[PDB]
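Please read the structure below before turning to the comments.
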Amino acid sequence: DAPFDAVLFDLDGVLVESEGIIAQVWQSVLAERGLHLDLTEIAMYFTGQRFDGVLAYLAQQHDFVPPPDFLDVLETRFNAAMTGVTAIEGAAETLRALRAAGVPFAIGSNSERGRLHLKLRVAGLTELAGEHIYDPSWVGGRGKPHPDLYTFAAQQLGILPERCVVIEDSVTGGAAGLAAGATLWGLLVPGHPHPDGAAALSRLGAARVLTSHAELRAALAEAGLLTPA
Ligand SMILES: [Cl-]
Ligand SMILES: [Cl-]
Ligand SMILES: [Cl-]
Ligand SMILES: [Mg+2]
Numbered sequence: 003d004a005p006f007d008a009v010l011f012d013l014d015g016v017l018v019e020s021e022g023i024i025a026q027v028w029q030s031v032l033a034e035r036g037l038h039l040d041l042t043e044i045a046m047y048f049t050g051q052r053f054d055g056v057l058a059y060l061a062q063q064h065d066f067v068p069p070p071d072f073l074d075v076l077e078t079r080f081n082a083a084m085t086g087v088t089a090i091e092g093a094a095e096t097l098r099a100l101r102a103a104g105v106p107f108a109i110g111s112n113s114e115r116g117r118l119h120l121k122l123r124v125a126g127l128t129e130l131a132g133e134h135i136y137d138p139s140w141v142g143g144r145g146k147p148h149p150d151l152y153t154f155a156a157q158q159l160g161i162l163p164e165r166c167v168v169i170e171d172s173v174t175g176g177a178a179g180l181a182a183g184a185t186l187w188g189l190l191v192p193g194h195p196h197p198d199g200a201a202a203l204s205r206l207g208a209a210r211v212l213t214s215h216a217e218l219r220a221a222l223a224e225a226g227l228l229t230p231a
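So this is what it looks like as structure tokens:
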């Protein structure tokens with residue numbers, strides 16, 4: 003009984019750390035303008051939100067309306083900041099282990115193509131991540147939670163999606179993996195923000211919810227993909 007042929011990876015929160023970096027930018031730019039919010043609130047409510055929706059949040063929850071230069075200063079600083087994206091601990095080790103064992107894998111991300119590649123570059127993961135790196139431009143813009151990216155990535159590997167395991171840290175991405183017919187394993191490495199938590203991923207239908215790359219590697223071995231410690 004060997005359930006999987008291949009692994010499909012999310013990028014943000016799973017292979018690279020960028021949402022923590024984004025949260026810190028929000029935090030410092032607001033702080034400079036009077037408002038001091040904690041990193042957990044900013045990650046929870048600012049990330050992946052449209053600028054006008056962040057403004058609405060600030061006005062409703064914090065009675066706060068930012069100065070005229072808010073939009074210009076955040077863009078400067080979100081720019082300067084993408085260069086500091088870093089590899090999730092143990093991510094390179096997982097990619098290295100899968101390459102050594104000849105297990106096919108792909109990356110699916112909603113990031114614009116150049117930003118996807120920039121993040122793998124700055125995180126030192128380009129060579130490990132390989133050829134199968136897919137953003138929504140490959141599927142006509144139909145990104146997660148649509149299953150399209152993962153269906154396509156499986157197809158590019160020549161593996162049936164039902165025989166893939168998807169490694170994700172959000173409902174948006176986990177949903178895309180389940181809707182493609184894959185098995186979902188949530189990965190929530192602590193000390194980095196994720197858009198959703200363990201209970202939401204399990205209720206969504208994650209078969210398990212892992213908390214480190216070391217844990218992931220053990221699970222992949224139980225599943226017959228890697229060699230057990
Ligand atoms: Cl790493
Ligand atoms: Cl994504
Ligand atoms: Cl991503
Ligand atoms: Mg993610």
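Per PDB author numbering, the sequence shown starts with residue 3, numbered consecutively.
Every residue gets a Cβ at the ideal spot worked out from N, C-alpha and C, and that includes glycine.
Could you tell me if the beta carbon of residue i falls within a distance shorter than 7 angstroms of some heavy atom in ligand 2?
| i | result |
| --- | --- |
| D12 | yes |
| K121 | no |
| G126 | no |
| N81 | no |
| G22 | no |
| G175 | yes |
Suppose the cutoff is 8 angstroms on Cβ atoms and the five residues either side in sequence are ignored; what does the same chain contact list for residue i look like?
| i | result |
| --- | --- |
| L228 | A99, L100, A103, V105, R219 and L222 |
| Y136 | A108, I109, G110, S111, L151, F154, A155 and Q158 |
| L186 | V167, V168, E170, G176, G179, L180, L203, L206, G207, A208 and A209 |
| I161 | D7, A8 and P106 |
Suppose the cutoff is 7 angstroms on Cβ atoms and the five residues either side in sequence are ignored; what does the same chain contact list for residue i look like?
| i | result |
| --- | --- |
| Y152 | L10, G110, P163, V168, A178, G179, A182 and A184 |
| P195 | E21, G22, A25 and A45 |
| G92 | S214, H215 and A216 |
| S139 | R115 |
Quick check: the Cα distance between residue i and residue j, rounded to an integer number of angstroms?
| i | j | result |
| --- | --- | --- |
| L97 | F107 | 9 angstroms |
| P230 | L32 | 47 angstroms |
| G36 | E43 | 16 angstroms |
| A208 | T174 | 12 angstroms |
| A82 | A4 | 45 angstroms |
| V67 | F6 | 51 angstroms |
| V56 | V75 | 15 angstroms |
| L73 | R52 | 12 angstroms |
| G143 | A201 | 29 angstroms |
| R117 | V87 | 11 angstroms |
| residue 2 | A61 | Since the first residue shown for the chain is 3 and the last is 231, residue 2 is missing from the structure and cannot be characterised. |
| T78 | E224 | 46 angstroms |
| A125 | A89 | 5 angstroms |
Might you give, ordered along the chain, the residues of its own chain that have their beta carbon closer than 6 angstroms to the beta carbon of residue i, omitting 5 neighbours on each side?
| i | result |
| --- | --- |
| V16 | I169, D171 and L189 |
Would you check whether ligand 1 has a heavy atom nearer than 7 angstroms to the C-beta of residue i?
| i | result |
| --- | --- |
| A216 | no |
| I90 | yes |
| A99 | no |
| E129 | no |
| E224 | no |
Can you tell me which residues form a DSSP beta bridge with residue i?
| i | result |
| --- | --- |
| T49 | Its beta-bridge partners do not exist; DSSP assigns none. |
| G188 | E170 and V211 |
| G110 | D12 and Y136 |
| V18 | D14 and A89 |
Would the beta-carbon of residue i be found less than 7 angstroms away from any heavy atom of ligand 4?
| i | result |
| --- | --- |
| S172 | yes |
| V167 | no |
| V9 | no |
Can you find a heavy atom of ligand 3 that lies under 7 angstroms from the Cβ of residue i?
| i | result |
| --- | --- |
| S204 | no |
| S113 | yes |
* Asked: Do the region 211-219 and the region 177-193 touch if we need at least three Cβ pairs shorter than 8 angstroms?
  -> Contact between the region 211-219 and the region 177-193 is present, because at least three Cβ pairs lie under 8 angstroms.
* To do: Examine the Cβ distances between the region 148-155 and the region 116-131 and report whether three or more of them are shorter than 8 angstroms.
  => Two segments are said to touch when three or more pairs of C-beta atoms, one from each, lie closer than 8 angstroms; by this definition the region 148-155 does not touch the region 116-131.
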